[PDB]
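There is one chain below, alone, in structure tokens, taken in the form deposited in one PDB entry.
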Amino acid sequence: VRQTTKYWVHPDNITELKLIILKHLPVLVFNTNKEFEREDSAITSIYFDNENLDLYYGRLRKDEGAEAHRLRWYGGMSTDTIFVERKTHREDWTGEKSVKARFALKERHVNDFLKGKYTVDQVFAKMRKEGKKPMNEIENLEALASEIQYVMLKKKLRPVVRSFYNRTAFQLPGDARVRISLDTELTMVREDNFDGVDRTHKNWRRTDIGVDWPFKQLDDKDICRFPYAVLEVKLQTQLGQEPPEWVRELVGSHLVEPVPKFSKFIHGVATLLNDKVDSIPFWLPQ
């Protein structure tokens, strides 16, 4: 039985919270000399929606099967691998869950793929020729890309909001019973053209910013700098036990404020496009 919960952490409690967590878990690193640079912690996602904000309202209401679509990259602007991600809301007898699916795309193919000029077959031609990944897994990836490309074209999606943050991952590899992520420098940026300003110049992302937080070059109206860190806890507790004593104590501690349905996508749209949306998540006024 796996649970996921989200919390806001005041800047005054970030360090104290870090010290607690690191008592129990390692931090993941991705360079072999175990050294890291500022940009290594960067995660950037470009969320797509259409002008009616269909996907936003779907996610807000938690419609069954409501999709969010985002193009994400890790690290700095030299990163060439772009993950095309689809997150799907599920509900049934057992309760709720989130289903994530993605496939990887070279940056230079992104625009062409989103316009349906670069086909899914063309997208995976090199992967098939290689013969490294099993055929069925490839077929299932292709099916995902076709579904995503279809919705992007059918629903006329375009870039709407960017989320940026630095993420620390606390995790003892080979033990997913407990996984914790702390997100700082959380920022949402406008990518839409709803006020007539062609922010991306028809690219899939703005190019007038990189990962250079705090992004002082942005107009005030194009950016929301989030005051708190966001803590996410991913539990896999072996039935029928309870979560570890240190985890349960933490979440209930004054250090963190639970915000059940929090979503960077929803927060960004509602804050940045506040005059446009007709419904607002419940962590915001009305």
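Numbering starts at 1 and follows the sequence shown. Shifts are known only where both forms have a C-alpha. We call the rigid core whatever largest set of C-alpha positions still superposes within 1.5 Å between the two forms.
A second form of this protein, the form deposited in another entry, is not displayed here; the remarks below concern that form.
Just one of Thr200, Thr187, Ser181, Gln149 moves its Cα by 2 Å or more between this form and the one not shown on a rigid core overlay, and this residue is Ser181. Relative to the superposed rigid core, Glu242 undergoes a CA displacement of at least 2 Å between this form and the one not shown. Fitting the two forms on the rigid core leaves the C-alpha of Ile43 displaced by under 2 angstroms between this form and the one not shown. For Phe103, a C-alpha deviation below 2 angstroms is recorded between this form and the one not shown after rigid-core alignment. A shift of at least 3 angstroms pushes the Cα atoms of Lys234 and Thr271 further from each other in that other deposited form than in the displayed structure.
Annotation: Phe170/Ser263 CA-CA distance longer in that other deposited form than in the displayed model, change of at least 3 Å. Listed in sequence order, 1 to 9, 11 to 28, 93 to 98, 168 to 182, 230 to 261 mark where three or more consecutive residues have CA shifts of 2 Å or more between this form and the one not shown on superposition of the core.
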